[PDB]
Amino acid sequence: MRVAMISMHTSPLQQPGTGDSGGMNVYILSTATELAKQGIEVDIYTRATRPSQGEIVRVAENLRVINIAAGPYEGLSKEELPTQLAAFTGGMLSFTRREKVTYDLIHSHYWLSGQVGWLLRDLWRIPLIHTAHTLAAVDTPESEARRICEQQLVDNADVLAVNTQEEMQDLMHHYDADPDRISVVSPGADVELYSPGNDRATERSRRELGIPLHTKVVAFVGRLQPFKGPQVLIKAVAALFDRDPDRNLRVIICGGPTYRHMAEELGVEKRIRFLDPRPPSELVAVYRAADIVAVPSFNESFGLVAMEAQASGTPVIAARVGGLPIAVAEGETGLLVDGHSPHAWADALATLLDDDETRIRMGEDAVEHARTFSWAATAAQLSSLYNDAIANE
């Protein structure tokens, strides 16, 4: 079996969580890697942005990323990429003609890639599996246009792969999706890498990151974009220091795009530390160093960060949003906050900070909870999904 994955506007090779790269990229790369271990051949198609990479990047046996030239390597934001939809498709057409490569199935990611997938699937006469990741309908002409495209894929994809049951309901309510075409594919997290793991490990991580050993740490991990609510953490941390100015608390934000500006405007610069984004092998230390990972998203998911933090034995305080209530077991492995008021977040942070016995237990339980998430699981589900889709054409 050879699968063409389409990830047009962002590449699985781009460092997550700056820029346009986040959980979807790690989702695409992680599943693809697992599929490739299982002997399924995957090529991930993406728009060429870094020419030093070449056209074909060989990631592992059975796994390639294909960098397709379509418009300039830069100066084209995600909002303008619809203008490249036909060029990118044409780019994929030539590459496959040149390489004489044939696919059994296409799995598209995000509405841009789905529009490409929809054309390719009719041309190649093979099934299209589509994963939305996020959706307009969950108020401008641009969002209206995206919604319309998202509606087209709902109506035309052979299988709509969603990441939770809540997204399935979302598809059915906001897009009138046929429930027979929807399939829940639960996501994973790299649970071997993100792990507690060892009695001295938290403190080893603190030494490595230059964090004081006797202090409480809240971490935010991910893209620094308003929809992710890092401003909520910063504002809540300000409130905490209004209540008790010498609270033993340091914050790490880790993190690519000003939020430092907001932090100094609120007087909390010296207790907040902004870390550059780093590969998973290095992120572990942020998770382990942390007593609490705060994830104040306005929109989401699953919530890969919530899962990775859990896997690493660190309780999460999450917004009651997207996949987060499924990623976090409320009251057992963390807390869920309603809304994004600094006051409500201060409350939730304070209750986990000041109750050691509870917080420690959540962290230990978070590990047990997170082992239910299993990229290799995820791929096993996709593999079946692919086999059925192929069998029914």
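Numbers for residues come from their place in the sequence shown, where the first is 1.
Novice: From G75 on to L76, does the model leave out none, 1 to 3, 4 to 9, or 10 or more residues of the deposited sequence?
Specialist: Gap between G75 and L76: none.
Novice: Which class fits the unmodelled deposited stretch between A201 and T202: none, 1 to 3, 4 to 9, or 10 or more?
Specialist: Nothing is missing between them.
Novice: Determine, for stretches 233-241 and 103-111, which one has the higher mean CA B-factor as deposited.
Specialist: It is 233-241.
Novice: For the stretches 322-330 and 64-72, which has the higher mean C-alpha B-factor as given in the deposited record?
Specialist: The entry gives the higher C-alpha B-factor average to 322-330.
Novice: Highest Cα temperature factor in the entry, among the options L93, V159, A263, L171: which one is it?
Specialist: Highest C-alpha B-factor among the listed residues goes to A263.
Novice: Per the entry's Cα B factor values, which of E269, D180, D155, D122 stands out as the maximum?
Specialist: So the option with the highest C-alpha B-factor is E269.
Novice: Sorting the chain's CA B-factors, does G117 end up in the lowest, middle or highest third?
Specialist: CA B-factor rank for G117: lowest third.
Novice: Check where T46 lands among this chain's C-alpha B-factors and tell me if it's the lowest, middle or highest third.
Specialist: Ranked within chain, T46 CA B lands in the lowest tercile.
Novice: Would the CA B-factor of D365 place it in the lowest, middle or highest third of its chain?
Specialist: Tercile = middle for this residue's CA B-factor.
Novice: Name the third of the chain's ranked CA B-factors that contains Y259, choosing lowest, middle or highest.
Specialist: According to the entry, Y259 has a C-alpha B-factor in the chain's highest third.
Novice: Looking at the C-alpha B-factor of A346, is it in the lowest, middle or highest third of its chain?
Specialist: It falls in the top third of the chain.
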